[PDB]
Each structure stands twice: as structure tokens, then as C-alpha cells.
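Starting off, we have a lone chain in the form deposited in one PDB entry, written out as C-alpha cells.
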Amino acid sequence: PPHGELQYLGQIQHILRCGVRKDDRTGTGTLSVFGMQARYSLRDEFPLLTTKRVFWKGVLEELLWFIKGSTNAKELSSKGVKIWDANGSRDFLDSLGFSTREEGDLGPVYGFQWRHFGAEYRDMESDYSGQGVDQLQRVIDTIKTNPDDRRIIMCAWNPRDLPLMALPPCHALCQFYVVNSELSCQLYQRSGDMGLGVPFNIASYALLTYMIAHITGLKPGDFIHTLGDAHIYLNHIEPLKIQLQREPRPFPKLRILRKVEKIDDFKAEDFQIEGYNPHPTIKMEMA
């Protein structure tokens, strides 16, 4: 029975061989395929890639920051995870014509869309309690009451809010699915940087699934990752060919250390990755 990591490595291989050359907004150049889908089993394994070290601290801390609805890069910055920092900087905000906005204000990105979809965004300090739709809690209650439901969706693509956003979300929607007591999740990702983004993104949605599984009493099933524009940046080709030579190692397991009742209650300390000794990190220049 093949290693789950092979779905991912297979996709890189496919894009390297069949991707078509396609310029991008950043100017870097890509090899590009439109429309891909892979399936990672969450059953007694957590698919944290092993052919390079993935930023597990970043994934967990960033997901908790989404859960709490934060739209303040500094709030994540402070937990030791700098991934959003450039996007909240003075210069960049200015780049986009957001001169009035205070630094760190990312606008109505994921955390606001997850907890407050449709509320009038003001700034990153505002109290949004009980405004907009709480999609994350709705997904959880739907699972608890009607697992057969075919509309368990959370959606961060808000055409109305895109003008106000630092970055338009790559992870546009996700759907949950339950049969035989197993919770699955399919993410629609409109845009995937295969090198730097995608491994992080898989870990991030798998983690969401385990969290949701845990508070609804279900076992984690499958994470189905669907891609729009799946791309390898031209300058990721060499780092990736090195990656492609390494041997997958067993995926870690993910242990949740205490029974947790509300998704809001999860703390970073609740979670232990166990058995993860990946091949070394591989830097890939950000585009």
C-alpha cells in the first residue's frame, strides 16, 4: 500500500513533465497545470511531509490564529511565526492603496471570514462578536446533528471583501463529509505554490480535520486536496529535484493530549506531533 507522500511527489513529477510555462503576477515564471486532486489518508497517520521539514509550529500557530478570528499579523508574529508579517507592513499596505490602515491589519482575511462572514469589516481591533455568520461553529453543529448533510461548507472567498484584503485567500472553500463515523474534508485551493505553499497547506487542513473530528467524536477519514492553478515556480525546480531524490519516511501521528469541548478552547500545548524525523529543510525563494 503506497506512502501518502507519493500523491504529492507524483504531482510535482506530473507538473515538471506536463506543466505548461505560464507567467505569473510576481514575474517569476511557473510550470502550470489547471485542475488537480489528491487524497491523503488521515487514518492513524498525520500527513506532515517527510522529504523535507515542514514548519509544523507555523501550521499549528497559524491555524489557532484563524480559529480565534484574528486579522492582526502582529498577533501571530508574537507566537514566533512570521509568515504574515510582510503582508501587514507599512510599505505593503501602501503598495495596495491602504494608506489609512494601521500596520498588521490584514483586512477581512481567513479568521474574519471563518467566524464573521458577511459582517462589515472595520479594523483588526473591532469587536465582531455575534455579527456575520460563524461558519466554523456552523460546520461543527451540522456535523453533531446531521452528519449526512451535503452542505457542510466553510468558504473564505468573499467577492465583497476582496478589495479590503491584504491577499485574496488561496484556500477558497472547504467541505466536510461524514460516513461510517469518519470525518473527511475536501479543500478547494485556487492557487498552489507546489514547492513552498502546498506541503504547509496539506498539514493545515489535515490539522483542521483532526480538530473537528476530535470535538465531534468522529475518527479522521481522508483529506482531499483539490487545486486550481497548481504551479512550480521556475526557481523551485532545483530545490524540488533534490527533494524528489529523498525517501519518504513514515508519517508522524498527531496526538491530542486532552478532551477539548469547543474548538475555541484548543491551545497549542494540546497537540503533540509524534515520530516526525523528516529529511532536512529545503528553502525555496518566496515569489
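Rigid core: the largest C-alpha set superposing within 1.5 Å between the two forms. Note that residue numbering begins at 1 and tracks the sequence as displayed.
**Request:** Output yes if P169 is unmodelled in at least a third of the other compared entries of this protein, no if it is modelled in all of them.
**Result:** It is not, since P169 is included in all of the other entries that model both flanking stretches.
**Item:** Missing-residue flag, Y205, threshold a third of other entries
**Value:** No; none of the other entries leave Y205 out.
**Message:** So, looking at the entry's B-factor column for Cα atoms, which has the higher mean, 247 to 255 or 220 to 228?
**Reply:** 247 to 255 has the higher mean C-alpha B-factor.
**Asked** Do the C-alpha atoms of 230 to 238 or of 257 to 265 have the higher average B factor in the entry?
**Response** Comparing 257 to 265 with 230 to 238, the higher average CA B-factor belongs to 257 to 265.
**Residue, from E182, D148, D193, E75, that the PDB entry assigns the highest Cα B-factor** = That would be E75.
**Asked** Can you tell me which of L207, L93, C170, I143 has the highest Cα temperature factor in the record?
**Response** So the option with the highest C-alpha B-factor is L93.
**Prompt:** Should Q272 be placed in the lowest, middle or highest third of its chain by the C-alpha B factor in the entry?
**Reply:** Middle third by C-alpha B-factor.
**Message:** Split into thirds by Cα B-factor across the chain's modelled residues, where does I152 land: lowest, middle or highest?
**Reply:** Lowest third of the chain for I152's C-alpha B-factor.
**Request:** Grab the CA temperature factor for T26 from the record and place it in the lowest, middle or highest third of its chain.
**Result:** Its C-alpha B-factor, which the entry lists for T26, ranks in the highest third among residues of this chain.
**Prompt:** What third of its chain, lowest, middle or highest, does the C-alpha temperature factor of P199 fall into?
**Reply:** Lowest third, going by the recorded CA B-factors of the chain.
**Prompt:** Can you tell me which third, lowest, middle or highest, the CA B-factor of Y188 falls into for its chain?
**Reply:** Its C-alpha B-factor belongs to the lowest third of this chain's values.
The protein also exists as the form deposited in another entry; that form is not presented, and the subsequent description refers to it.
**Request:** Report the residue, chosen from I152, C185, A166, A213, for which the CA moves 2 Å or more between the shown form and the other one after the rigid core is overlaid.
**Result:** Looking at each option in turn, only one qualifies, and it is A166.
**Asked** Superposing on the rigid core, does the Cα of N235 end up 2 Å or more away between the shown form and the other one?
**Response** The answer is no; the displacement is under 2 Å.
**Message:** After a rigid core superposition, would you say the CA of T28 moves by 2 angstroms or more between the shown form and the other one, or not?
**Reply:** The answer is yes; the displacement is at least 2 Å.
**Asked** Against the shown form, C-alpha atoms of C170 and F117 in that other deposited form: closer or farther, for a change of 3 Å or more?
**Response** Closer together, by at least 3 Å.
**Pair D161/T30, Cα separation in that other deposited form versus the displayed form, closer or farther by 3 angstroms or more** = Between the C-alphas of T30 and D161, the gap narrows in that other deposited form (3 Å or more compared with this form).
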